$ cat upload-v1.cif   # mmCIF, C-alpha atoms and all ligand atoms
data_work
#
loop_
_atom_site.label_atom_id
_atom_site.label_comp_id
_atom_site.auth_asym_id
_atom_site.auth_seq_id
_atom_site.Cartn_x
_atom_site.Cartn_y
_atom_site.Cartn_z
CA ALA A 1 103.68 106.70 107.53
CA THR A 2 103.33 106.97 103.74
CA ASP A 3 103.24 103.23 102.91
CA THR A 4 99.91 102.08 101.46
CA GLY A 5 100.98 98.72 100.04
CA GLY A 6 100.63 100.19 96.54
CA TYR A 7 101.68 102.96 94.16
CA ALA A 8 100.18 105.75 96.24
CA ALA A 9 102.51 107.07 98.95
CA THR A 10 100.60 109.39 101.27
CA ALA A 11 99.69 109.90 104.90
CA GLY A 12 96.85 112.17 103.83
CA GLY A 13 95.97 114.61 106.57
CA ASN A 14 97.96 112.73 109.21
CA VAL A 15 100.95 115.02 108.97
CA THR A 16 102.56 117.93 110.89
CA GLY A 17 100.14 120.68 111.89
CA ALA A 18 97.07 118.65 110.97
CA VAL A 19 93.81 120.04 112.28
CA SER A 20 91.29 117.44 113.48
CA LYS A 21 87.65 118.18 112.78
CA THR A 22 84.46 116.21 113.39
CA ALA A 23 81.79 116.19 110.66
CA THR A 24 78.31 115.04 111.66
CA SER A 25 76.80 115.46 108.21
CA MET A 26 77.64 115.84 104.54
CA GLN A 27 77.28 119.60 104.83
CA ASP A 28 79.70 119.72 107.76
CA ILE A 29 82.30 118.10 105.54
CA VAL A 30 81.74 120.74 102.86
CA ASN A 31 81.98 123.53 105.45
CA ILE A 32 85.07 122.09 107.15
CA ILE A 33 86.99 121.80 103.86
CA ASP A 34 85.94 125.29 102.86
CA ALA A 35 87.17 126.77 106.15
CA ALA A 36 90.45 124.89 105.71
CA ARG A 37 91.27 127.12 102.77
CA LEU A 38 91.57 130.30 104.79
CA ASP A 39 94.75 131.62 106.37
CA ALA A 40 95.10 133.47 109.72
CA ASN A 41 94.00 136.66 107.96
CA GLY A 42 90.91 135.12 106.37
CA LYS A 43 92.37 135.03 102.88
CA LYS A 44 92.22 131.89 100.70
CA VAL A 45 95.35 129.81 100.17
CA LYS A 46 95.79 127.89 96.89
CA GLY A 47 95.71 124.17 97.68
CA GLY A 48 94.35 124.73 101.17
CA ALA A 49 95.75 126.51 104.23
CA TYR A 50 96.34 123.51 106.53
CA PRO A 51 96.11 119.66 106.67
CA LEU A 52 92.87 118.08 107.81
CA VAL A 53 91.73 114.89 109.46
CA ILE A 54 87.96 114.80 109.24
CA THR A 55 86.16 112.19 111.34
CA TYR A 56 82.72 111.65 109.84
CA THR A 57 80.17 110.54 112.41
CA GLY A 58 77.01 110.97 110.38
CA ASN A 59 74.63 108.10 109.69
CA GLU A 60 72.30 107.95 106.69
CA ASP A 61 71.01 104.44 107.10
CA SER A 62 67.44 105.62 106.68
CA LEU A 63 68.21 106.96 103.19
CA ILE A 64 70.14 103.77 102.40
CA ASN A 65 67.39 101.39 103.56
CA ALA A 66 64.71 103.33 101.73
CA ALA A 67 66.76 103.21 98.54
CA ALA A 68 67.46 99.47 98.93
CA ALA A 69 63.70 98.97 98.94
CA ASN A 70 63.14 100.97 95.77
CA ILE A 71 66.24 100.35 93.65
CA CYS A 72 64.80 101.80 90.45
CA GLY A 73 63.85 105.13 91.95
CA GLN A 74 67.51 106.15 92.46
CA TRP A 75 68.92 106.86 88.99
CA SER A 76 66.75 109.92 88.27
CA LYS A 77 67.29 111.72 91.56
CA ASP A 78 69.93 114.42 92.03
CA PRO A 79 73.41 113.01 92.70
CA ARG A 80 74.89 113.73 96.15
CA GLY A 81 78.57 114.14 96.77
CA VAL A 82 81.27 116.04 98.58
CA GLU A 83 83.78 117.51 96.16
CA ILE A 84 87.44 117.70 97.21
CA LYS A 85 88.68 120.08 94.53
CA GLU A 86 92.23 121.51 94.37
CA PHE A 87 93.15 120.63 97.93
CA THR A 88 96.74 119.55 98.22
CA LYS A 89 97.71 120.23 101.86
CA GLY A 90 96.74 116.68 102.71
CA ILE A 91 93.37 115.39 103.79
CA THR A 92 92.00 112.25 105.39
CA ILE A 93 88.30 111.48 105.65
CA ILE A 94 87.69 108.71 108.11
CA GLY A 95 84.27 107.46 109.11
CA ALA A 96 83.59 106.59 112.72
CA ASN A 97 82.41 103.06 113.44
CA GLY A 98 78.68 102.99 112.79
CA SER A 99 78.77 105.93 110.38
CA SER A 100 77.23 105.65 106.93
CA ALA A 101 76.69 107.80 103.89
CA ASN A 102 74.26 107.99 101.01
CA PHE A 103 76.54 110.50 99.22
CA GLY A 104 79.82 110.04 97.33
CA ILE A 105 83.33 111.54 97.56
CA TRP A 106 84.50 113.20 94.37
CA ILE A 107 88.20 114.03 94.32
CA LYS A 108 89.41 116.37 91.63
CA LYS A 109 92.74 118.01 90.89
CA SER A 110 93.83 117.23 94.44
CA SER A 111 96.55 115.05 95.95
CA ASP A 112 97.36 113.29 99.18
CA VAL A 113 93.84 112.36 100.16
CA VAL A 114 92.89 109.26 102.14
CA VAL A 115 89.34 108.09 102.60
CA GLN A 116 88.89 105.31 105.13
CA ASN A 117 86.24 103.42 107.07
CA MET A 118 83.32 104.88 105.07
CA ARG A 119 80.19 102.81 104.39
CA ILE A 120 78.66 104.19 101.20
CA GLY A 121 75.69 102.68 99.40
CA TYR A 122 72.72 102.97 97.04
CA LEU A 123 73.55 106.46 95.81
CA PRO A 124 71.01 108.53 93.91
CA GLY A 125 71.86 109.97 90.50
CA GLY A 126 73.23 107.09 88.46
CA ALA A 127 72.19 109.00 85.31
CA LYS A 128 74.22 112.07 86.38
CA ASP A 129 77.53 110.50 87.52
CA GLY A 130 76.52 109.62 91.05
CA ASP A 131 79.80 107.82 91.80
CA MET A 132 80.57 106.51 95.28
CA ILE A 133 84.22 107.47 94.89
CA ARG A 134 85.72 109.35 91.96
CA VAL A 135 89.46 110.07 91.56
CA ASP A 136 90.06 112.56 88.76
CA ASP A 137 93.45 114.21 87.99
CA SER A 138 94.52 113.27 91.50
CA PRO A 139 97.80 111.45 92.33
CA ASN A 140 98.63 109.95 95.74
CA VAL A 141 95.14 108.93 96.69
CA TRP A 142 94.48 106.02 99.05
CA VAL A 143 90.98 104.48 99.16
CA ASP A 144 91.15 101.98 102.02
CA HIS A 145 88.85 99.92 104.27
CA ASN A 146 85.50 101.14 102.92
CA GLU A 147 82.28 99.28 102.11
CA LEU A 148 80.81 100.34 98.75
CA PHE A 149 77.57 98.76 97.68
CA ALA A 150 74.33 98.92 95.74
CA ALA A 151 72.39 96.26 93.84
CA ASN A 152 73.98 94.41 90.92
CA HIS A 153 70.89 95.00 88.83
CA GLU A 154 69.86 97.16 85.90
CA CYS A 155 66.37 98.63 85.86
CA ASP A 156 64.51 99.11 82.60
CA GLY A 157 64.28 102.41 80.80
CA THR A 158 67.40 103.94 82.30
CA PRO A 159 69.58 106.18 80.06
CA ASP A 160 71.94 103.94 78.06
CA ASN A 161 70.52 100.99 80.06
CA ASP A 162 73.53 101.50 82.25
CA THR A 163 72.65 104.23 84.73
CA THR A 164 70.62 102.49 87.47
CA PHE A 165 73.68 103.12 89.64
CA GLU A 166 77.07 104.67 88.92
CA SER A 167 80.48 103.28 89.91
CA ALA A 168 82.20 102.35 93.18
CA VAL A 169 85.70 103.71 92.44
CA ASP A 170 86.14 105.54 89.12
CA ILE A 171 89.69 106.68 88.39
CA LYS A 172 90.45 108.97 85.44
CA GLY A 173 92.80 111.65 84.19
CA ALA A 174 96.20 112.30 85.73
CA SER A 175 95.58 110.26 88.89
CA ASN A 176 99.07 108.88 88.42
CA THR A 177 99.41 106.90 91.60
CA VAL A 178 96.46 105.35 93.42
CA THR A 179 95.96 102.51 95.92
CA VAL A 180 92.58 100.83 96.43
CA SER A 181 92.78 98.42 99.35
CA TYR A 182 90.79 96.48 101.93
CA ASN A 183 87.49 97.57 100.42
CA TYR A 184 84.39 95.40 100.58
CA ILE A 185 82.64 96.07 97.29
CA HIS A 186 79.34 94.26 96.72
CA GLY A 187 76.20 94.54 94.66
CA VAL A 188 77.77 96.87 92.11
CA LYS A 189 77.27 96.56 88.37
CA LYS A 190 80.12 98.90 87.33
CA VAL A 191 82.95 98.72 89.85
CA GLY A 192 85.24 101.30 88.34
CA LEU A 193 87.32 102.43 85.46
CA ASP A 194 90.99 103.26 85.19
CA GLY A 195 90.90 105.72 82.30
CA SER A 196 87.73 107.41 81.07
CA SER A 197 88.39 106.76 77.39
CA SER A 198 90.74 105.29 74.80
CA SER A 199 92.83 108.47 74.98
CA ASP A 200 92.81 108.67 78.79
CA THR A 201 95.59 106.12 79.14
CA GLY A 202 98.21 105.76 81.87
CA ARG A 203 98.49 105.77 85.66
CA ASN A 204 99.91 103.20 88.05
CA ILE A 205 97.25 101.72 90.27
CA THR A 206 97.31 99.02 92.92
CA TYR A 207 94.24 97.06 93.99
CA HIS A 208 95.01 94.91 97.02
CA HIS A 209 93.12 92.99 99.69
CA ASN A 210 89.74 94.01 98.24
CA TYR A 211 86.78 91.71 98.64
CA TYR A 212 84.49 91.75 95.59
CA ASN A 213 81.17 89.94 95.71
CA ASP A 214 78.31 89.99 93.24
CA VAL A 215 79.69 92.55 90.83
CA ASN A 216 79.22 92.63 87.09
CA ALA A 217 82.30 94.24 85.53
CA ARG A 218 85.26 96.66 85.49
CA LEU A 219 87.69 95.34 88.17
CA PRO A 220 88.96 97.63 86.66
CA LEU A 221 88.31 98.49 83.06
CA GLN A 222 91.97 99.44 82.50
CA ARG A 223 93.13 101.83 79.83
CA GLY A 224 96.87 101.55 79.40
CA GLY A 225 99.22 102.15 82.29
CA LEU A 226 100.08 99.63 84.97
CA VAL A 227 97.80 97.78 87.34
CA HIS A 228 99.00 95.58 90.19
CA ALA A 229 96.28 93.40 91.65
CA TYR A 230 97.32 91.22 94.55
CA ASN A 231 95.57 89.47 97.44
CA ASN A 232 92.03 90.31 96.24
CA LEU A 233 89.11 87.93 96.68
CA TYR A 234 86.92 87.85 93.55
CA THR A 235 83.64 85.95 93.92
CA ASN A 236 80.45 86.01 91.91
CA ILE A 237 81.62 88.15 89.02
CA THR A 238 78.68 88.16 86.64
CA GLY A 239 80.17 89.83 83.54
CA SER A 240 83.97 90.22 83.40
CA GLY A 241 86.73 91.07 85.84
CA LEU A 242 89.98 92.75 84.94
CA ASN A 243 89.61 94.13 81.43
CA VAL A 244 93.11 95.17 80.29
CA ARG A 245 92.91 97.42 77.28
CA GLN A 246 94.87 99.98 75.26
CA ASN A 247 98.09 98.05 75.73
CA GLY A 248 97.88 98.27 79.49
CA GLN A 249 99.98 95.93 81.61
CA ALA A 250 98.72 94.00 84.62
CA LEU A 251 100.40 91.91 87.30
CA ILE A 252 97.76 89.61 88.74
CA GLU A 253 99.11 87.81 91.77
CA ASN A 254 97.95 85.70 94.69
CA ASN A 255 94.27 86.46 94.24
CA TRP A 256 91.42 84.02 94.74
CA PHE A 257 88.92 83.75 91.87
CA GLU A 258 85.67 81.85 92.26
CA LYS A 259 82.33 81.74 90.45
CA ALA A 260 83.50 84.29 87.91
CA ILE A 261 82.79 84.84 84.22
CA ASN A 262 85.72 86.20 82.16
CA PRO A 263 87.93 87.01 85.25
CA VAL A 264 90.85 88.26 83.14
CA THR A 265 90.17 89.50 79.62
CA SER A 266 90.77 92.21 77.00
CA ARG A 267 87.58 92.98 75.11
CA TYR A 268 85.32 95.71 73.70
CA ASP A 269 87.90 97.49 71.54
CA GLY A 270 88.77 94.77 69.04
CA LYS A 271 92.47 95.71 69.13
CA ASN A 272 95.45 96.98 71.15
CA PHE A 273 95.06 94.17 73.64
CA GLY A 274 96.63 94.57 77.07
CA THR A 275 98.81 91.93 78.73
CA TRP A 276 98.93 90.20 82.08
CA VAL A 277 101.45 88.38 84.23
CA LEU A 278 99.75 85.66 86.26
CA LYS A 279 101.29 84.24 89.43
CA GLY A 280 100.23 82.62 92.66
CA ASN A 281 96.46 82.78 92.22
CA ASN A 282 94.22 79.90 93.26
CA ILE A 283 93.87 79.12 89.55
CA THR A 284 97.18 77.83 88.13
CA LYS A 285 96.06 76.12 84.93
CA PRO A 286 92.88 75.61 82.87
CA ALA A 287 92.10 72.43 84.82
CA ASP A 288 91.17 74.63 87.78
CA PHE A 289 88.43 76.45 85.90
CA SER A 290 85.96 73.66 86.68
CA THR A 291 87.09 73.47 90.30
CA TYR A 292 86.37 77.17 90.91
CA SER A 293 83.50 77.65 88.44
CA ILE A 294 85.29 79.94 85.97
CA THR A 295 83.40 80.51 82.76
CA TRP A 296 84.52 82.27 79.60
CA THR A 297 82.46 83.85 76.84
CA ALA A 298 83.41 85.33 73.48
CA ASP A 299 82.72 88.86 72.28
CA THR A 300 81.43 90.15 68.98
CA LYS A 301 84.78 91.85 68.25
CA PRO A 302 88.32 90.40 68.43
CA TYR A 303 89.21 89.71 72.05
CA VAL A 304 91.69 87.85 74.22
CA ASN A 305 90.65 85.78 77.26
CA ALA A 306 93.09 84.25 79.74
CA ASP A 307 91.51 80.85 79.05
CA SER A 308 94.99 79.37 78.67
CA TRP A 309 95.83 80.94 82.02
CA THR A 310 99.30 81.92 80.84
CA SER A 311 101.21 85.20 81.02
CA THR A 312 100.77 87.20 77.82
CA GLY A 313 103.38 89.87 78.48
CA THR A 314 105.68 91.34 81.11
CA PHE A 315 105.51 93.75 84.03
CA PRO A 316 108.13 96.23 85.27
CA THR A 317 109.75 95.89 88.67
CA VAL A 318 107.19 96.86 91.35
CA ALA A 319 108.65 99.92 93.07
CA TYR A 320 106.98 99.76 96.48
CA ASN A 321 107.34 97.20 99.21
CA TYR A 322 104.61 94.64 99.82
CA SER A 323 104.20 91.11 101.12
CA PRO A 324 101.29 89.07 99.73
CA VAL A 325 99.82 86.23 101.73
CA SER A 326 98.78 83.05 99.89
CA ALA A 327 95.64 82.91 97.76
CA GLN A 328 94.25 80.41 100.30
CA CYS A 329 94.78 82.72 103.22
CA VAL A 330 92.95 85.46 101.31
CA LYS A 331 89.98 83.17 100.78
CA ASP A 332 90.04 82.07 104.44
CA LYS A 333 90.82 85.37 106.17
CA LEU A 334 90.19 88.44 103.98
CA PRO A 335 86.47 88.93 104.74
CA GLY A 336 87.47 89.82 108.30
CA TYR A 337 89.94 92.55 107.31
CA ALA A 338 88.17 94.14 104.36
CA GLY A 339 85.59 96.83 104.96
CA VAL A 340 84.46 99.10 107.77
CA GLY A 341 84.62 98.43 111.50
CA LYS A 342 87.74 96.27 111.11
CA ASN A 343 89.75 99.03 112.75
CA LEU A 344 91.80 99.30 109.58
CA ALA A 345 93.29 95.87 110.25
CA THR A 346 95.61 94.37 107.64
CA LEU A 347 96.14 90.70 106.69
CA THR A 348 99.65 89.36 107.35
CA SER A 349 101.03 85.83 106.94
CA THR A 350 101.20 85.64 110.75
CA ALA A 351 97.38 85.74 110.75
CA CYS A 352 97.26 82.95 108.16
CA CA B 401 81.36 107.75 86.97
#
$ encode --input "upload-v1.cif" --output "structure tokens" --more "lines below"
Ligand SMILES: [Ca+2]
Amino acid sequence: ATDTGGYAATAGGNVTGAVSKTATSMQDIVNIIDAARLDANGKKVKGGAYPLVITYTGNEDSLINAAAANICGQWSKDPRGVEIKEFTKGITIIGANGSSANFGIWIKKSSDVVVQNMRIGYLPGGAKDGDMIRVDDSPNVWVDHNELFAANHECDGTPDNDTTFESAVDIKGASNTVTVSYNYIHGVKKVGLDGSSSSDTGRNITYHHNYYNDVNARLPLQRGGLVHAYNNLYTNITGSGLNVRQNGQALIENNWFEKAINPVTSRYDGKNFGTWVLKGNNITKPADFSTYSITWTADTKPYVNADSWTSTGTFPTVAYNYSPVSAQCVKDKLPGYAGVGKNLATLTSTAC
């Protein structure tokens, strides 16, 4: 009921008294959430009046296909997103099979929100924080079985030469417990941070059963706190993978890395390096780097790469319950469980 396979423990809107609503457009979602704040007398209730299970049936493929054809025209447009602000009664946004969105979901100062089966891609507004999914000051959030994509490319003349597209799953502030699972993330330059700055440290986040393909960096860019990454399939990482900074701790287990540059590193600050515990991945020693095409580069400032492929620290006892399959099974089976239209199916050893 509340088990997500990670630090977040929430059933979202699937609780007692939940009200099911169907949203056929972005605006419907905005309107549904707004109406969910009113009590029987028409007065607003802090945190929302009742739980919601919104089934999104809209399809914005036309906007997505047009954007795919003109990648560089996106960054300067207005960003589009549904804001879930200060809603704590519990909410679940689930896309219907065949649904799609060219707008993001921005969660802020909320809790107990689940977003599932949403296909989001090529969002406008990279220069104005056009994130696909943003989790800000929001604990108990579960981002599961979604497809988040764009083009892993940077156009010229974009602000900071970094705004062609914004991130897939940015997590910041007091989002103390979050689970990111079964997501198919592809064609994304900046996957997502875990802390917006050097001072925004903390949180306990779990990334599991995600399928990353053709992504440049931030898987995540971790700032302190704890990160548990298990059963993820990392392929074609063009910049760096897990960047553990500000003394953060990471447990990296039973993942499959392939064709990746700097898969596990601590760079860009020049100090306060994070640590990692490595176990059960397809890579077990440096000899495997050649086998799976793992490349390492240096950085202009002091850095630490996992080129020795050894644990550099410790990790506290993982609270929740979980059962990872083998790194091989991930590589063989994960692409069929990750993403939309998989009916929220999960990979078990039985299926291996
Ligand atoms: Ca962002």
$ residues_around --input "upload-v1.cif" --residues "stretch 91-98 of chain A" --least-positions-apart "6" --cutoff "7 Å" --atoms "all atoms listed in the file" --output "short mmCIF file (atom, residue, chain, number, x, y, z; two decimals) with C-alpha atoms, in the frame of the given file"
data_model
loop_
_atom_site.label_atom_id
_atom_site.label_comp_id
_atom_site.auth_asym_id
_atom_site.auth_seq_id
_atom_site.Cartn_x
_atom_site.Cartn_y
_atom_site.Cartn_z
CA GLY A 12 96.85 112.17 103.83
CA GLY A 13 95.97 114.61 106.57
CA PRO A 51 96.11 119.66 106.67
CA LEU A 52 92.87 118.08 107.81
CA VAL A 53 91.73 114.89 109.46
CA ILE A 54 87.96 114.80 109.24
CA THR A 55 86.16 112.19 111.34
CA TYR A 56 82.72 111.65 109.84
CA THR A 57 80.17 110.54 112.41
CA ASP A 112 97.36 113.29 99.18
CA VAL A 113 93.84 112.36 100.16
CA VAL A 114 92.89 109.26 102.14
CA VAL A 115 89.34 108.09 102.60
CA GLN A 116 88.89 105.31 105.13
CA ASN A 117 86.24 103.42 107.07
CA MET A 118 83.32 104.88 105.07
CA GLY A 341 84.62 98.43 111.50
#
$ closest_residue --input "upload-v1.cif" --among "A:171, A:29, A:329, A:237" --to "residue A:186" --atoms "all atoms listed in the file"
A:237
$ residues_near_ligand --input "upload-v1.cif" --ligand "ligand CA 401 (chain B)" --cutoff "7 Å" --atoms "all atoms listed in the file" --output "PyMOL selection string"
chain A and resi 129-131+134+166-167+170
$ residues_around --input "upload-v1.cif" --residues "residue A:304" --least-positions-apart "5" --cutoff "9 Å" --atoms "all atoms listed in the file" --output "ChimeraX atom specification"
/A:264-267,273-274,298
$ closest_residue --input "upload-v1.cif" --among "A:83, A:140, A:247, A:255" --to "residue A:31" --atoms "only C-alpha atoms"
A:83
$ axis_aligned_box --input "upload-v1.cif" --around "stretch 249-256 of chain A" --padding-each-side "3 Å" --output "lines of an AutoDock Vina configuration file"
center_x = 95.9
center_y = 90.0
center_z = 88.2
size_x = 15.0
size_y = 17.9
size_z = 19.1
$ residues_around --input "upload-v1.cif" --residues "stretch 286-296 of chain A" --least-positions-apart "5" --cutoff "9 Å" --atoms "all atoms listed in the file" --output "list in words"
residues 240, 257, 258, 259, 260, 261, 262, 263, 305, 306, 307, 308 and 309 of chain A
$ residues_around --input "upload-v1.cif" --residues "residue A:351" --least-positions-apart "3" --cutoff "10 Å" --atoms "only C-alpha atoms" --output "compact mmCIF listing (two decimals) with C-alpha atoms, in the frame of the given file"
# COMPACT_ATOMS: atom_id res chain seq x y z
CA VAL A 325 99.82 86.23 101.73
CA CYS A 329 94.78 82.72 103.22
CA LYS A 333 90.82 85.37 106.17
CA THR A 346 95.61 94.37 107.64
CA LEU A 347 96.14 90.70 106.69
CA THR A 348 99.65 89.36 107.35
$ residues_around --input "upload-v1.cif" --residues "residue A:213" --least-positions-apart "2" --cutoff "7 Å" --atoms "all atoms listed in the file" --output "MDAnalysis selection string"
chainID A and resid 185:187 211 215 234:237
$ atom_distance --input "upload-v1.cif" --atom1 "atom CA of residue A:80" --atom2 "atom CA of residue A:125"
7.4 Å
$ atom_distance --input "upload-v1.cif" --atom1 "atom CA of residue A:277" --atom2 "atom CA of residue A:310"
7.6 Å
